[PDB]
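# Structural overview for review
Here is what each chain is made of, one letter per residue.
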Amino acid sequence: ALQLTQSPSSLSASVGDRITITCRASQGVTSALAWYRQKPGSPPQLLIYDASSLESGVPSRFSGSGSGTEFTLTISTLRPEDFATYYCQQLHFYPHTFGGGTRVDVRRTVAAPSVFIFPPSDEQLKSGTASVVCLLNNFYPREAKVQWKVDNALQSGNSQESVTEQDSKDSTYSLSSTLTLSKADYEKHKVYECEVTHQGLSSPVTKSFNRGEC
Amino acid sequence: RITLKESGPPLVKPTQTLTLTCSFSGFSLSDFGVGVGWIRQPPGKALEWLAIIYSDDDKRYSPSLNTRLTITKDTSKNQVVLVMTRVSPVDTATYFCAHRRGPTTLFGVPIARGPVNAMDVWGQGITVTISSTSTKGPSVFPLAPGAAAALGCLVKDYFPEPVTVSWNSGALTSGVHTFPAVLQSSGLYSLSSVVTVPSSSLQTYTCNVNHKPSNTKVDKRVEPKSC
Amino acid sequence: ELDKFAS
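Residues numbered from 1 in each chain as written, not as in the entry; some residues may be left out. Chains lettered and ligands numbered in written order. Heavy atoms only, no water.

The deposited coordinates, according to the entry record, derive from X-ray crystallography at 2.56 Å resolution.

Okay, structure coming up:
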């Protein structure tokens, strides 16, 4: 079906800035496009309907323009409540698609993550499972990539990660990634590595340990 | 003033049928051209359109979910119901219903269609988790180690959410990061809580974990191993 | 297909 691509997917800014988010459709949607702002924990809120009409009760710093395949939302003077995720929605064709969203967060200086790797506890091992956790602490911007390697084999499908919300004092994020293996598989290898790529790191940093080494 | 609110089960098991109700006030589903739609949002993901129904009773569904969705209205009760069959874990999401305006009319004559291009009022959303788990308390394991040091606790295999974690009975707050839990393929949640301190403080560190649902409290003191 | 109010 019809594709709606938002750009950029993520954007950093400060109070008072002017930002503009854009949304492009794969086929023309005339003026049937709406913009929403969604704050964490809340439902999306309508800002602009029919590509450019200002929704009632919505502050005038919000503006929408465009028609056909290209639309833009601009917030002229960013306020603290605007740090949020924005979505565009097409209503010309069924299904009524939403774009992927664009996250707007507090800009700050680039900060590389402090990385730490934790081996599984002997207590967990006795239960038969092995969790290897990797921590990326206080970094910025939000995008980071974690790659698990076991005896140099690239791991896939056996890890999960979660990211904290932007810190209100730091403006940094932290990320936890858990590699999970059976105790048996765990025992069949030695070098457990967490490889981290991030904008603040000249090149990828790797933190690792050799299993059973004492 | 238009308001909508979603209701239904917070937890549902795979293969089961999920029935969600949207009760609203401020408009009638008998008003001209009005619509009520459903949109969902898996945790951390984008919004996904599901279906919509209008007062003249036309219904439309997401093509990807068409076979599992039924939307219906009960005009006299001011409710719209969405029934999803055969749910699976990927259906865990926050589900929202929303109002869609019909064209503006002048002396009962449609004169403006621009107002239909948006879903203008949304309900708070209802969180639905799809998992086959029974209530279960977490196992708590230690996570042990600019020149900052890190340690923590891995709160593993519990259900359902939430769990609370604090450090040193609430006295340790700076440098603490408790991450949002991930729902494992097993259907149980898992989360880590860590804390960063000056590489010298290694002071004592104990995480206090509490999973109300299963009556499981645990305090786990964590230290820099090696005996 | 086209939205309810298209065309």
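## Here's the deal with the interface of chain A and chain C
With five residues of chain A at the interface, the matching set in chain C holds five residues. Buried surface at the junction of chain A and chain C, summed over both partners, amounts to about 470 Å²; 51% is from carbon and sulfur atoms. The largest share of the area that chain A buries against chain C comes from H92, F93 and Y94 of chain A, three residues that together contribute 87% of it. Seen at the junction of chain A and chain C, the total is zero salt bridges. For the interface between chain A and chain C, the tally reads five residue pairs in polar contact. Broken down by class, the residue content of the side of chain A that touches chain C amounts to three nonpolar, two polar and no charged. (Contact = heavy atoms within 4.5 Å. Buried area = accessible area lost by both parts, 1.4 Å probe. Salt bridge = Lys/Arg side-chain N within 4 Å of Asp/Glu carboxyl O. Polar contact = N/O pair within 3.5 Å; in protein donor to acceptor, adjacent residues only side chain to side chain. Nonpolar A, V, L, I, M, F, W, Y, C, P; charged D, E, K, R; others polar.)

## A short note on the sheet that holds strand β16 (residues 173–182) of chain A
Hydrogen bonding along the main chain pairs the strands of a sheet, whether they run parallel or antiparallel. All names here are of chain A. Sheet architecture is open: four strands sit in the order β11-β12-β16-β15, paired in antiparallel fashion. Two strands lie at the open edges of the sheet, namely β11 (114–118) and β15 (159–163), each paired on one side alone. On average, each strand axis in the sheet is inclined to that of its neighbour by 15°, with strand direction left out of account. Sheet topology places β15 next to β16; five bridges connect them, and they run antiparallel. Residue pairing across strands places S159 opposite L179, the latter belonging to β16. (Pairing = 2+ DSSP bridges. Helix = DSSP H or I, 4+ residues; strand = E, 2+ residues; numbered from the N terminus. Axes fitted to C-alpha atoms, helices over the stretch in contact; angles between N-to-C directions.)

## What about the side chain of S193 of chain B?
Residues and elements named next belong to chain B. Relative to the helices and strands, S193 resides in strand β19 (residues 189–198). A distance of 2.9 Å separates the side chain of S193 from the side chain of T178, its partner in a polar contact. Setting aside residues up to four positions removed in sequence, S193 forms contacts with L143, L151, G152, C153, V165, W167, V176, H177 and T178.

## Observations concerning the pairing of strand β9 (residues 84–90) of chain A
One face of the sheet, then the other: side chains in a regular strand alternate in exactly this way. Residue and element names in this part refer to chain A. In terms of burial, β9 is a largely internal element, seven of the seven residues being buried. Two strands pair when backbone bridges link them, and strand β4 (residues 33–38) and β9 are joined in this way by six bridges, in the antiparallel orientation. The residue bridging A34 from the neighbouring strand is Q89, located in β9. In this sheet, strand β10 (residues 102–106) lies alongside β9 in antiparallel orientation, the contact comprising three bridges. (Buried < 20%, exposed > 50% of the residue type's maximum accessible area, 1.4 Å probe, protein only.)

## Topic: the interface of chain A and chain B
Opposite the 43 residues of chain A that make contact, chain B presents 49 residues. The junction of chain A with chain B conceals about 3,500 Å² of combined surface from both sides, 64% of it contributed by carbon and sulfur atoms. It is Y94, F98 and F118 of chain A that lose the most area in chain A upon contact with chain B, and together they represent 17% of the buried surface on that side. The salt bridge involving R101 of chain B is made with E55 of chain A; its shortest N-O contact spans 3.1 Å. Run the count over chain A and chain B and you get 12 residue pairs in polar contact. Breaking the side of chain A that touches chain B down by element, the ones donating at least two residues are β4, β5 (45–49), β9, β11, α1 (122–126), β12 (129–139), β15 and β16 of chain A.

## Some thoughts on the nonpolar core
Note that soluble globular proteins tend to have their nonpolar side chains buried in a common cluster. Core analysis: the largest hydrophobic core is formed by 27 residues, its most contacted members being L18, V36, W38, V80 and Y95 of chain B. Of all the elements in the fold, those that place two or more residues in this core are β3 (18–25), β4 (35–41), β5 (48–54), β7 (69–74), β8 (79–84), β9 (93–100) and β13 (126–130) of chain B. The greatest single-element share of this core, amounting to four residues, is contributed by β3 of chain B. Beyond its immediate chain neighbours, meaning those up to four positions away, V36 of chain B contacts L4, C22, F24, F27, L29, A51, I52, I53, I71, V80 and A98 of chain B. If you look at the next biggest cluster of nonpolar residues, it comprises 26 residues, including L33, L47, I48 and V58 of chain A. (Core = buried A, V, L, I, M, F, W, Y, C linked by side-chain atoms within 4.5 Å.)

## Some points on the domain arrangement of chain B
All names here are of chain B. When the domains of chain B are assigned, the result is domain 1 (1–132) and domain 2 (133–224). The centre of domain 1, based on its C-alpha atoms, is set 38 Å off from the matching centre of domain 2. With six residues of domain 1 in contact, the opposing surface of domain 2 contributes seven residues. Counting across the interface, domain 1 meets domain 2 through zero salt bridges. Taken together, the connections running from domain 1 to domain 2 amount to three residue pairs in polar contact. Its residues assigned to classes, the side of domain 1 that touches domain 2 comprises two nonpolar, four polar and no charged. (Domains from an automatic or database assignment.)

## Observations regarding empty space enclosed by the protein
The calculated volume of the largest cavity comes to roughly 70 Å³. When its residues are assigned to classes, the lining of the largest cavity shows five nonpolar, seven polar and one charged. (1 Å grid on protein atoms, 1.4 Å probe; cavity = no way out; pocket = protein on both sides within 12 Å on 5 of 7 lines; lining within 4 Å. Points joined across faces, edges and corners; volume = space filled by probe spheres on them.)

## Examining the packing of aromatic side chains
If you walk through the whole model with that rule in mind, you get 12 aromatic pairs over all chains. Ring centres of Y94 of chain A and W49 of chain B lie 6.1 Å apart, and the angle between their planes is 35°; on these two criteria the pair is classed as tilted. Taken as a pair, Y94 of chain A in the loop between β9 and β10 and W49 of chain B in strand β5 lie in two separate chains rather than in one. Judged by its relative accessible area of 5%, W49 of chain B falls in the buried class. Each member of the aromatic cluster is reached from another via a ring pair, and the members are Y36 and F98 of chain A together with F96 and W122 of chain B. Over the ring of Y173 of chain A we find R142 of chain A, and its NZ or CZ is 5.9 Å from the ring centre. The ring of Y49 of chain A carries the charged tip of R101 of chain B above its face, separated from the ring centre by 4.8 Å. (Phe/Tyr/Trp six-rings, centres within 6.5 Å; stacked < 30°, edge-to-face > 60°. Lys NZ or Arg CZ within 6 Å of the ring centre and 35° of its normal.)

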